[PDB]
Every structure is written in structure tokens, then in C-alpha cells.
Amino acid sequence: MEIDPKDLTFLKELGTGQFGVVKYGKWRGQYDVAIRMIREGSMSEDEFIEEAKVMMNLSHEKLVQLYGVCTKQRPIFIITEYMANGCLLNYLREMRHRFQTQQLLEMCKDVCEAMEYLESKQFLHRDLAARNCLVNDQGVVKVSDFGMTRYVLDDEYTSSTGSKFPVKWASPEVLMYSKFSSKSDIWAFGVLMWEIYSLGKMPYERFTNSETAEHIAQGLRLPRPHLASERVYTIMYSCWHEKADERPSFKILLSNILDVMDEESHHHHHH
């Protein structure tokens, strides 16, 4: 897991993500990799380094693969699979010019498979959203940054009442009681489905975080995206049940997505 930084070559600046600068490079002169440089003073590094070992034991084809870390240095490096098509949000914005609606449901399936795996390992993502999903060269979507917000030092990001908290993806019990679970990830997954079918539109774009909380407390939810059929909207709406126990698991949700795929292929075969 501990990688020698001398085995890394930096070839292209990719930009800066939530958790620091990211660069494309080669590992051992053989493998394409993305190199995340954790921003100084942003993480509880001691706890993160211990949690990083648990994140390393996770492996699934729809999870962005982690190769290792460089911790005998400052800044810390995280070495990961390189996702050629970049962040899902930017990818969705570009899809507005050419796409087929079936592709959107396939994207939801990819993420749901990744979350079903994390669910089976009792591993919470805690900030599932399009901004944390990446797309490879084949258009496959993969989930990343699972569990990374646990040890963010800025309380404005981790506190349910913080100004930077992902309120617009948070379930009621997260906003009111800071109760995180796979069922809160389910809620966020529903919002992520809405993001995909809105082709990267921000949920509750014209809402303040305070107005969003009141909106959710009133039992109101996001509107049906124009590209989402009623059958598809039923799935993402099931993620938004007021009570966590009434939301489906990722295992059930994946089967529901596959079933709707069959219904969609017969959309014109009913009276």
C-alpha cells in the first residue's frame, strides 16, 4: 500500500478536487494513475491514514481502484486508477449534445452496483453525489471518495448545520440528528439519479440550504426530470421516504433498476 513517491512521474495537471490537487502520471513507468495531493491542514491525517488501510481492502469494478498512498512526506499522496473521462458532472454536461436515455439508467446501475458492494461491507460513503463519481474511457461510471468526509477538519463541511455541508443530498435524519447509515446513502443515491437524469443540473439550484431543509421537512422532494419516465422517477422517489426503514436497500434498488430496464424496452407495448 505504501508507495515510493520516486516511482511516480507527473505528466499532466488535472485540476483541484475537494481533497486537493490531482495530477495524471505514471506509476513504475507502466500504469496510468491519478495522483491526489491531500491539501495541508484539511484532514485529520493520523485517523485518515488508519482509515485509508480499510479503504484499501475494498475492491469492486465499479469503485475507483486505490493503488496506494505516500505518507512518509508532506503532502500525502493517494494513488488511484486514472479515469479518462473525468468527473461525472462535467461528463453529463457534455452528454447534453449527444446521448440516449438508456445510457442514463445504465449509469445509475453502475453506481448502484458500487453502493451495493459498500453496503454489503457496512461501509458508508457519507457524501454520495455526481461530483464524487468518475467515468472511464468506456463510459462506465465508478464511485470514489467513499468515507472521505469522516476526517475533514473543517466543521463547516462535516456538521449537518455547516455552511459547506451537502444539505441538498442529505436525508432528514442526517440534517436533524446526524444519523448516517446506508439508508442515508440511499437518499443521496436518489438525488444522484436526479442529477444524472437532469444531465448535471444542481438539485434545488434556486434554494438556500435553509430553504432546502424546510422543503424536505414539509415532505416535498425534487421534481421529475423531463428525461426520466414515470417508472424511473418511482425508483429515485423511493429513495426519499421520510423514514429510513422504508427506503429500499441498494440490493433491492439494483433489482428494481434492472426490472425497469425491462419495462422501458416495452414502453410502447401496453394499452
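So that the term is clear: the rigid core is the largest set of C-alpha atoms that superpose within 1.5 Å between two forms. One rule holds for the numbers: they count along the sequence shown, beginning at 1.
| When the core is superposed, where do the C-alphas shift more in 4 other deposited structures of this protein: in 96 to 104 or in 131 to 139? | So, of the two stretches, the farther one in 4 other deposited structures of this protein is 96 to 104.
| Higher-deviation stretch (C-alpha RMS, rigid core fit) in 4 other deposited structures of this protein, choosing from 179 to 187 and 155 to 163 | So, of the two stretches, the farther one in 4 other deposited structures of this protein is 155 to 163.
| 52 to 60 set against 224 to 232, stretch whose average Cα temperature factor tops the other in the entry | On average, C-alpha B-factors are higher across 52 to 60.
| field | Comparing 95 to 103 with 108 to 116, the one whose average Cα B-factor in the PDB entry is higher | value | Higher mean C-alpha B-factor: 95 to 103.
| Between 138, 80, 184, 73, which carries the biggest CA temperature factor in the record? | Highest C-alpha B-factor among the listed options: 138.
| query | When you compare the CA B-factors of 89, 191, 174, 143 as listed in the entry, which one comes out on top? | reply | Largest recorded C-alpha B-factor: 89.
| request: Could you say whether, by C-alpha temperature factor, residue 241 belongs to the lowest, middle or highest third of its chain? | output: Middle third - that is where residue 241 ends up once the chain's C-alpha B-factors are sorted.
| request: Can you work out whether the C-alpha temperature factor of residue 22 puts it in the lowest, middle or highest third of the chain? | output: Residue 22: CA B-factor falls in the lowest third of its chain.
| According to the PDB entry, is the CA B factor of residue 16 in the bottom, middle or top third of its chain, that is, lowest, middle or highest? | Tercile = lowest for this residue's CA B-factor.
| message | What third of the chain does residue 28 rank in for C-alpha temperature factor, lowest, middle or highest? | response | Residue 28: CA B-factor falls in the highest third of its chain.
| field | Third of chain Cα B-factors occupied by residue 151 | value | Highest third of the chain for residue 151's C-alpha B-factor.
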